[PDB]
Amino acid sequence: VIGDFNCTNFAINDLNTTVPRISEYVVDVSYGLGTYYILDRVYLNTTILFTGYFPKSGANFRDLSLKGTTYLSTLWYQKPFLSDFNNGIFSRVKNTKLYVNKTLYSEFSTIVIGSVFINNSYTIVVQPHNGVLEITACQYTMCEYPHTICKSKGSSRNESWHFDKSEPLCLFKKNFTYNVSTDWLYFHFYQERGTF
Amino acid sequence: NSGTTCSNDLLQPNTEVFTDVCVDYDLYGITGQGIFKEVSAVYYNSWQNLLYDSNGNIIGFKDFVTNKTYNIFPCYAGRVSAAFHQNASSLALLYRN
Amino acid sequence: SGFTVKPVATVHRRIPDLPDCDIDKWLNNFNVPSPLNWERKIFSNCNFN
Amino acid sequence: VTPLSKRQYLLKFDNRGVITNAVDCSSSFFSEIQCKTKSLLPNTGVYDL
Ligand SMILES: *[C@@H]1O[C@H](CO)[C@@H](O[C@@H]2O[C@H](CO)[C@@H](O)[C@H](O)[C@H]2NC(C)=O)[C@H](O)[C@H]1NC(C)=O
Ligand SMILES: *[C@@H]1O[C@H](CO)[C@@H](O[C@@H]2O[C@H](CO)[C@@H](O)[C@H](O)[C@H]2NC(C)=O)[C@H](O)[C@H]1NC(C)=O
Ligand SMILES: *[C@@H]1O[C@H](CO)[C@@H](O)[C@H](O)[C@H]1NC(C)=O
Ligand SMILES: *[C@@H]1O[C@H](CO)[C@@H](O)[C@H](O)[C@H]1NC(C)=O
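Chain by chain, residues are numbered from 1 following the written sequence, and this numbering need not agree with the entry; no residue without coordinates is displayed. Just so you know, chain letters begin at A and ligand numbers begin at 1, following the order they were written in. Here we see some chains out of a larger assembly; the values all refer to those chains and nothing more. No hydrogens and no water enter the side-chain calculation; it runs on all heavy atoms of the structure. Residues with missing side-chain atoms are left out of burial classes, side-chain pairs and their counts.

1. What about the arrangement of the chains?
What makes two residues a contact is simply this: any of their non-hydrogen atoms within 4.5 Å. Contacts are most numerous, across the five pairs of chains in contact, for chains A and D. In this view chain C stays clear of chain D, with the nearest C-alpha atoms of the two still 23 Å from each other.

Below, the structure is given as structure tokens:
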């Protein structure tokens, strides 16, 4: 349960055949993996001490990827899948490569962060579109059954996670790009003193 | 009086930059005063706009409108030495260094 | 006392969050509609001059 | 996904800005020594952790 609107109801089931798996990879910040560049500054030939939001070395990961075939369960939209954003997250994503008539396509899951996920508040949503990211962070009206379809070899359902005839009001809007031939992507998200 | 479709026409105009003069700056959210220069930097990236010091100072910046790197220097702010004698009416001034 | 020179002007820089509306590109389109089929467009979350 | 925490990290930069080494300053005693000496290879001595 994330939203409150009734956007679509085609195949609603109730099954429990999923469980988050603990990864076998360990966080190694020896060569830089796990640390982030500071804000738009440049340091040259120096050694600094930075007090910030970083992950703990010697930890394990947890997977939250969900995939289905025209079937959605109510338990998928609850805990432990609907985790809590205490102070921040560091995520590693695998670049799923597909081929449609010997043409490379890249697509992975999307993330949605918010507080109550209602139209009276803001909500950040990050999703890729064939090597092009999309960060909006707008006051979207998302329903309690959000999902996303694949452009290549599409599914029976249609992409419908927000129902807004007109674009709502927000502060940020921008697109980004990335290499489509890579294999792993990394993301850092956090907030401090109300600044995300 | 409520929205995000505002106009930057009268808010703050951008005209130019000045060189070899102590001027005030409000660049990228950080304010200060000093003299700018012109250098040829190659250590800037697509997301990097400032060159910072290892102690909490600004070394330089890069203007995205014309794609050229500068170098901000602090301008002179010092005192003067004055020698005075009782029998005299004027003073002897010394600007050190 | 020290000698602190005063600045001569003010230089500011900022990165815009939202893109430009590009109203002139739509108002200068070569397909001029008739009053029978007048055109309507909605603009929101953008900056214009 | 892994959680985050407000910690202190020692970051080493090269002559071009690329990060080459990072120390957690809280993993082991050697990390604390390195972050106290503010160097990657501390000097010979006795320290209090
Ligand atoms: C990065 O900084 C180090 C430390 O200041 C520089 O090493 C010095 O280099 C000068 C010039 O060759 C020597 O005279 C010093 O003895 C060196 N000091 C140490 C502790 O090694 C180094 O040259 C700098 N690198 C660059 C590219 O500027
Ligand atoms: C960011 O990229 C997306 C995807 O290319 C853009 O969405 C497209 O917008 C055009 C213009 O309205 C539509 O014709 C397409 O159908 C949209 N595609 C999708 C997949 O939604 C979006 O406009 C881009 N945003 C910016 C600011 O450039
Ligand atoms: C100081 O005066 C010299 C001589 O005209 C001039 O070249 C220089 O730009 C001046 N510097 C400042 C900071 O006014
Ligand atoms: C400055 O460089 C960026 C990135 O290379 C480019 O997108 C932009 O058009 C350049 N601007 C000018 C004025 O050269």
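2. Remarks on the UniProt feature "disulfide bond" in chain D
All names here are of chain D. Here the UniProt disulfide linking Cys-25 with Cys-35 is intact, its two sulfur atoms sitting 2.0 Å from each other. Placement of the pair is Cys-25 in the loop between β3 (19–23) and α1 (29–37) and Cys-35 in helix α1, with a sequence separation of 10 residues. Both residues of the pair, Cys-25 and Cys-35, count as buried. In this description, the term disulfide denotes a pair of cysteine sulfurs within 2.5 Å. UniProt positions are given in the numbering used here, feature names are shortened, and annotations may be inferred rather than shown by experiment. Only DSSP runs of H or I reaching four residues or more are called helices, and only runs of E reaching two or more are called strands; each is numbered from the N terminus. Throughout this description, buried means an accessible area under 20% of the type-specific maximum (1.4 Å probe, protein chains only), exposed means over 50%, and partly exposed covers the range between.

3. Some words on the pairing of strand β2 (residues 5–13) of chain D
Two faces, one strand: in a regular strand the side chains alternate between the faces of the sheet. As defined by bridge partners, strand β2 (residues 47–54) of chain A adjoins β2 of chain D across eight bridges and the pair is classed as antiparallel. Bridge pairing in β2 of chain D links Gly-52 of chain A to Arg-7 of chain D. By the convention used here, strands pair only if DSSP detects at least 2 bridges between them. Pairing geometry for β2 of chain D and β3 of chain D, over four bridges, is antiparallel. Of the residues in β3 of chain D, the one forming a bridge with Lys-12 of chain D is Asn-21 of chain D. As consecutive antiparallel partners, β2 of chain D and β3 of chain D are separated by five residues, and within that stretch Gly-17 of chain D has a phi angle of approximately 105 degrees, a positive value.

4. Concerning the interface of chain A and chain D
The partner chain D presents 26 residues to the 32 residues of chain A that form the contact. Each of two parts loses accessible area, computed with a 1.4 Å probe, when they are put together; buried area is these two losses added. Both sides of the chain A and chain D interface together cover about 2800 Å² of buried area, and 58% of this is carbon and sulfur. Interface area lost by chain A to chain D is led by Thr-47, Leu-49 and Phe-54 of chain A, which between them contribute 21%. The working definition used for a salt bridge is a side-chain nitrogen of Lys or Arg within 4 Å of a carboxyl oxygen of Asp or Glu. Connecting chain A to chain D are zero salt bridges. Polar contacts, as counted here, are pairs of nitrogen or oxygen atoms within 3.5 Å of one another; within protein the pair requires one atom able to donate a hydrogen and one able to accept it, and residues that are adjacent in sequence qualify only if both atoms are side-chain atoms. Counting every contact that joins chain A to chain D gives 12 residue pairs in polar contact. When contributions to the side of chain A that touches chain D are tallied by element, the ones reaching two or more residues are β2, β4 (88–94) and β11 (184–190) of chain A.

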